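Engineer: Can you keep this structure in mind? I'll have questions shortly.
2 protein chains.
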Amino acid sequence: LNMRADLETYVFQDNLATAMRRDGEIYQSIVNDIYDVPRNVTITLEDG
Amino acid sequence: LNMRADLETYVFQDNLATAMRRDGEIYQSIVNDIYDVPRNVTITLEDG
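Protein chains in written order, with the authors' numbering: chain W, 438 to 485; chain J, 438 to 485.
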């Protein structure tokens, strides 16, 4: 139970101190296509 | 656990003295010098 407790603050610590580590479902590459009109809750396309 | 620690101070020791044996998989083949192109995020022959 205390393992899970220390694991909760592990997330909130590591994402600040070590930093970075932003989360979301997206596509990394610089230079994109267009629009976001359907988008949400998909895996694979919508567009590039 | 201390045997695993011996393996940590093995890699850190042996690679400096004995050295060599650097491969990308089981071959070190192709890419020459440097490459700076990448594509999307996927790495083909490229920087492979």
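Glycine is no exception: its CB is placed at the ideal position from the N, C-alpha and C atoms.
Note the first and the last residue of the continuous alpha helix (DSSP H) segment covering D443/W.
Structural biologist: Element bounds for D443/W: 439-454.
Engineer: For my contact list, residue 401/J and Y472/J are in at a C-beta cut-off of 8 Å; report their separation, rounded to the angstrom.
Structural biologist: Because chain J here runs from 438 to 485, residue 401/J falls outside it and cannot be looked at.
Engineer: Alpha carbon to alpha carbon, how far is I467/W from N439/J?
Structural biologist: Each residue's alpha carbon lies about 46 Å from the other.
Engineer: Considering only the beta carbon of each residue, do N477/J and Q465/W sit closer than 9 Å?
Structural biologist: In contact: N477/J and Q465/W (Cβ atoms closer than 9 Å).
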